[PDB]
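Numbering (the numbering used here), first residue to last: 11 to 771.
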Ligand SMILES: Nc1ncnc2c1ncn2[C@@H]1O[C@H](COP(=O)(O)OP(=O)(O)O)[C@@H](O)[C@H]1O
Ligand code: VO4
Ligand SMILES: [Mg+2]
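Below is the structure:
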């Protein structure tokens, strides 16, 4: 389904640069000119398609062109349109012959759509946008990922012979890393479900493909067997995709030339704790629960006291079975994938005992009481007490101590303590927060246990970076988690434009700036409205959290007044008290605030942490390990969002250092169906992944760039301080290039996409 909002957002992107020169010099009009048009009942009746192909009929003027619809099959009726609505077509070409869009004569919106389409439906998804690699999602296994296809890339000697691929950007990066001994990073970008995880899995498998049979299994073995476990605990079924990464994945990898992983680092960030507690309908919790509850052996089941996937209140009993997902099979895989991380039969037994714990604690009914002369007072339900006692046993903590930290408010004046009781609402809020913590920190501990065996003896010098972020998400409900997810993405988009469209624009201005006709990404306007310390959505949520009386509406009002003067922040038209639109790269995204404060405050702290700290089980002790208690008033550092900004900014800054290798995934249709083309949903991504500009300004702009000394070296016969500047201009005028093809800069020689190719004989 394509929203009329997705239709609007895509219709804005529609731009007409080049003119339709479709008339024979004399007259009679050019004989059968293929063009594109926004006008046709075939565009009106269909939302999936935006343009039809037409043949320019003989006897039309440059005011109204009589055109007949060729593709899609037209009623054969010639209709008249203004040249304003006619784009130049890449008349008679074979989209399969060349694996780079750069070779296209015209690279207008309709032409890139038809080019990527005539490939996607032909089952060639990957194309080079230069630098970028556009990798569409065909939803079906193509088999162009296999060890056979891996070998074919790594071992094949010539780099030009190699067609566009994920493996193309894997060798491209691995070669530079070993050759120029500079640490390189692979950026995976697109929608939440466009192909990030898949490409990341593929490129990992590629670096795990060894030529030599010498290297130690241990490190590589554990790293690859981490991916299935990481997904069990870190991925869940969504309305957008049935395996959505609810954590941002980052890797640092030491891979020796002969395709072997010597060392690695696994860092996951920002887990979705609101997954474990509740799930949207049609949506689900983290795979692990389901896999466990199903494929658990007779004994585990009885020992833990496991029930059905329906019988656990934390897990939605309607959305339990995933369309085309066999949870028992994946569980079996997840169990071996754990052993293959140096986790013993006991270590596993514990992981699942805690998991069984979280579930069992989430079935405990808390109730209201008139108790201790407090009323509204927290008290565990009489019957559900047995549940709670095993629930704690399973987590390996004292039940009556967890019972004491929930149900009892503990305050301090001076060096002296004051008792008091927790209320039903707040006790339930705390009971939930215990589960959230246990889960988040167990996953984090498994990541820590993996890193303790895989990380380098010393540290990381030159490594291979890989980023499996959570892509842009749009629904009906858009919470703080959904806001964080879209903030993360916006950073990975400015990271890109600063490297791809800014270093360029600077170098032109530093030498010979040809066009003021360049980049289209005003990501700075939206990255500031969201992160800029003091004045931003996050900074007015940060301040509001540490405020005494801080309401969700109080935070909304501060943005609706302070950030008003900006176009990127738009307040809601209806229910303006709660909702607000943030005009993203992918377009207008609206957030219903509500709980925003408590969600940013959703982090376990206090004397409660200390209970888990001195647990009998060591894994449970280690579960928190490095934790600053404070037991009271919250800090700026302890805030969920405020920690995330620090986390993203720090990690992103390491990436800006390493060599950027961009992979751009496109989701062709929401329908989760192979070989289905929805032009508007795609067009939005062509704009956001900046693909339709990263070719407009690469082909229109100068692509060579070499200093006088570099240029004059290839023409050996010549050799000089200001004279060698004029020496280069000669070689060019002699070779045959027009004064438009080349440009002479303050220190270098710029040569166009087409020009630079001439001098290569
Ligand atoms: N190149 C591909 N070939 C086949 N299926 C793919 C491909 N890329 C993605 N998919 C499918 O699309 C699903 C959603 O993509 P996913 O791996 O979760 O990436 P992301 O991190 O963007 O969500 C995958 O689980 C897989 O079924
Ligand atoms: O769907 V994602 O794995 O990109 O979050
Ligand atoms: Mg993922």
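For each residue, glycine too, the CB sits at the ideal point set by N, CA and C.
Task: Neighbourhood of residue 381 by C-beta distance below 7 Å, restricted to the same chain and skipping five residues each side - done: As a position in the chain shown, residue 381 is number 371, starting the count at 1. Once the five neighbours on either side are set aside, the close Cβ partners of residue 381 are 387, 389 and 431.
- [ ] Consider the C-beta atom of residue 87 and the heavy atoms of ligand 2; say whether any pair is separated by less than 7 Å.
- [x] Position 77 of the chain shown holds residue 87. No, Cβ of residue 87 sits at least 7 Å from all heavy atoms of ligand 2.
- [ ] Assign residue 125 to one of two classes, buried (16 or more other C-beta atoms within 10 Å of its C-beta) or exposed (fewer than that).
- [x] Residue numbering aside, residue 125 sits at position 115 when the chain shown is read from its first letter. Burial call: buried.
Open item on the list: Please confirm whether residue 194 has its beta-carbon closer than 8 Å to some beta-carbon of chain B.
Closed with: The structure shown contains no chain B; it is built from a single protein chain.
- [ ] Note down, in chain order, each residue of its chain lying with its Cβ closer than 6 Å to the Cβ of residue 270, except the 5 sequence neighbours on either side.
- [x] Your numbering for residue 270 matches position 260 in the chain shown. The residues are 220 and 225.
TODO: Could you tell me whether the region 718-730 touches the region 755-766, using the rule of 3 or more Cβ pairs below 8 Å?
DONE: yes
Open item on the list: Taking a contact to mean a Cβ-Cβ separation below 8 Å, would you say residue 78 touches residue 67 in this structure?
Closed with: Counted from its first residue, the chain shown places residue 78 at position 68. Counted from its first residue, the chain shown places residue 67 at position 57. Against a cut-off of 8 Å, the Cβ pair of residue 67 and residue 78 comes out as a contact.
Open item on the list: When you compare the CB positions of residue 600 and residue 585, do they come within less than 8 Å of one another, or not?
Closed with: Your numbering for residue 600 matches position 590 in the chain shown. Your numbering for residue 585 matches position 575 in the chain shown. Not closer than 8 Å, so no.
Open item on the list: Tell me which residue opens and which closes the alpha helix (DSSP H) that residue 460 is part of.
Closed with: Residue 460 sits at position 450 when you count from the first residue of the chain shown. 434-464 is the extent of the alpha helix (DSSP H) around residue 460.
Task: Where residue 102 falls: helix, strand or coil (DSSP) - done: In the chain shown, residue 102 corresponds to position 92, counting from 1. Assigned with DSSP and collapsed to three states, residue 102 falls in coil, not helix or strand.
- [ ] Return the first residue and the last residue of the alpha helix (DSSP H) that residue 671 is part of.
- [x] Locating residue 671 in the chain shown gives position 661, where the first residue counts as 1. That residue, residue 671, is in no alpha helix (DSSP H); its beta strand (DSSP E) goes 669-676.
Task: Limits of the beta strand (DSSP E) - the one that residue 46 falls within - done: Mapped onto the chain shown, residue 46 falls at position 36. 43-47 is the span of the beta strand (DSSP E), which, as asked, contains residue 46.
TODO: Please state if the CB of residue 668 and the CB of residue 193 are separated by a distance shorter than 8 Å.
DONE: The sequence position of residue 193 within the chain shown is 183, counting from 1. The sequence position of residue 668 within the chain shown is 658, counting from 1. Cβ atoms of residue 193 and residue 668: closer than 8 Å.
- [ ] Give me the Cβ distance between residue 172 and residue 265, rounded to the nearest whole Å; I'm assuming they're in contact under 8 Å.
- [x] Looking up residue 172 in the chain shown gives position 162. Looking up residue 265 in the chain shown gives position 255. So it is not a contact: roughly 19 Å between Cβ atoms.
Task: Contact test: residue 680 Cβ vs ligand 1 heavy atom, cutoff 7 Å - done: Taking the first residue of the chain shown as 1, we reach residue 680 at position 670. For ligand 1, not one heavy atom lies less than 7 Å from the Cβ of residue 680.
Open item on the list: Going residue by residue through the region 104-130, where are the continuous alpha helix (DSSP H) segments of at least 4 residues, counting only ones entirely within it?
Closed with: Here the runs fully enclosed are 119-130.
Task: Limits of the beta strand (DSSP E) - the one that residue 390 falls within - done: Counting from 1 along the chain shown, the entry for residue 390 is found at position 380. Residues 387-390.
Open item on the list: Is any non-hydrogen atom of ligand 1 found closer than 7 Å to the C-beta of residue 558, if you look at the structure I gave you?
Closed with: Here residue 558 corresponds to residue number 548 of the chain shown, with the count starting at 1. No, the beta carbon of residue 558 sits no closer than 7 Å to any heavy atom of ligand 1.
TODO: Tell me, please, whether the region 116-132 touches the region 159-166 by the rule of three or more beta-carbon pairs shorter than 8 Å.
DONE: no
- [ ] Could you please give the first and the last residue of the uninterrupted alpha helix (DSSP H) stretch that includes residue 569?
- [x] Start at 1 with the first residue of the chain shown, and residue 569 comes out as number 559. It spans 562-572 - the alpha helix (DSSP H) in which residue 569 sits, taken as one unbroken run.
- [ ] Starting from residue 663, follow its DSSP beta bridges and name the residues at the other end.
- [x] For the purposes of this step, residue 663 is identified with residue 653 of the chain shown, where counting begins at 1. In the DSSP output, where bridge partners are listed per residue, residue 663 has none listed.
Task: Segment contact flag, the region 194-206 with the region 474-481, C-beta cutoff 8 Å, min 3 pairs - done: yes
Open item on the list: For residue 189 and residue 181, what's the separation of their Cα atoms in angstroms?
Closed with: Taking the first residue of the chain shown as position 1, residue 189 is located at position 179. Taking the first residue of the chain shown as position 1, residue 181 is located at position 171. Distance between the alpha carbons of residue 189 and residue 181: 12 Å.
Open item on the list: Given 7 Å as the limit, tell me if residue 206 has its C-beta closer than that to any heavy atom belonging to ligand 3.
Closed with: For the purposes of this step, residue 206 is taken as the residue at position 196 of the chain shown. Result yes, Cβ under 7 Å from ligand 3.
Task: N- and C-terminal bounds of the alpha helix (DSSP H) containing residue 513 - done: In the chain shown, residue 513 corresponds to position 503, counting from 1. Here the alpha helix (DSSP H) through residue 513 covers 513-520.
TODO: Report yes if the CB atom of residue 323 is closer than 8 Å to the CB atom of residue 367, and no otherwise.
DONE: Counting from one through the chain shown, the residue named residue 323 turns up at place 313. Counting from one through the chain shown, the residue named residue 367 turns up at place 357. No, Cβ-Cβ distance for residue 323 and residue 367 is not below 8 Å.
Task: Whole-angstrom distance between residue 539 and residue 577, CA atom to CA atom - done: Locating residue 577 in the chain shown gives position 567, where the first residue counts as 1. Locating residue 539 in the chain shown gives position 529, where the first residue counts as 1. Between residue 577 and residue 539, the C-alpha separation is close to 10 Å.
Task: Length at least 4, wholly inside the region 30-93: the alpha helix (DSSP H) runs in chain order - done: Correct list: 51-54.
Task: Beta-carbon spacing of residue 19, residue 96 below 8 Å - done: Position 9 of the chain shown, counting from 1, holds the residue named residue 19. Position 86 of the chain shown, counting from 1, holds the residue named residue 96. No.
- [ ] Leaving aside the five residues before and after residue 23 along the sequence, list all residues of the same chain whose C-beta is less than 6 Å from its C-beta, in chain order.
- [x] Translated into positions along the chain shown, residue 23 becomes position 13. Cβ neighbours of residue 23 beyond the five flanking positions: 693 and 697.
Task: For residue 242, three-class secondary structure by DSSP - done: Here the question's residue 242 lines up with position 232 in the chain shown. Residue state, collapsed to three classes: helix.
Task: Local Cβ density within 10 Å of residue 11, reported as buried at 16 or more and exposed below that - done: Numbered from its first residue, the chain shown carries residue 11 at position 1. When all chains shown are included, residue 11 counts as exposed.
- [ ] Give the secondary structure of residue 475 by DSSP, where H, G and I count as helix, E and B as strand, and everything else as coil.
- [x] Here residue 475 is taken as the residue at index 465 of the chain shown, counted from 1. In the structure shown, residue 475 adopts extended strand secondary structure according to DSSP, grouped into three states.
TODO: Classify residue 274 as helix, strand or coil using the three-state DSSP reduction.
DONE: As a first step, residue 274 is located in the chain shown; it is residue number 264 there, counting from the start. In this structure, residue 274 counts as strand in the three-state DSSP scheme.
Open item on the list: Just to confirm before moving on: does the CB-CB distance between residue 766 and residue 714 stay below 8 Å?
Closed with: Here residue 766 corresponds to residue number 756 of the chain shown, with the count starting at 1. Here residue 714 corresponds to residue number 704 of the chain shown, with the count starting at 1. Result yes, Cβ atoms of residue 766 and residue 714 sit closer than 8 Å.
Open item on the list: Any heavy atom of ligand 1 closer than 7 Å to the beta-carbon of residue 496?
Closed with: The sequence position of residue 496 within the chain shown is 486, counting from 1. Not so, every heavy atom of ligand 1 lies at least 7 Å from the Cβ.
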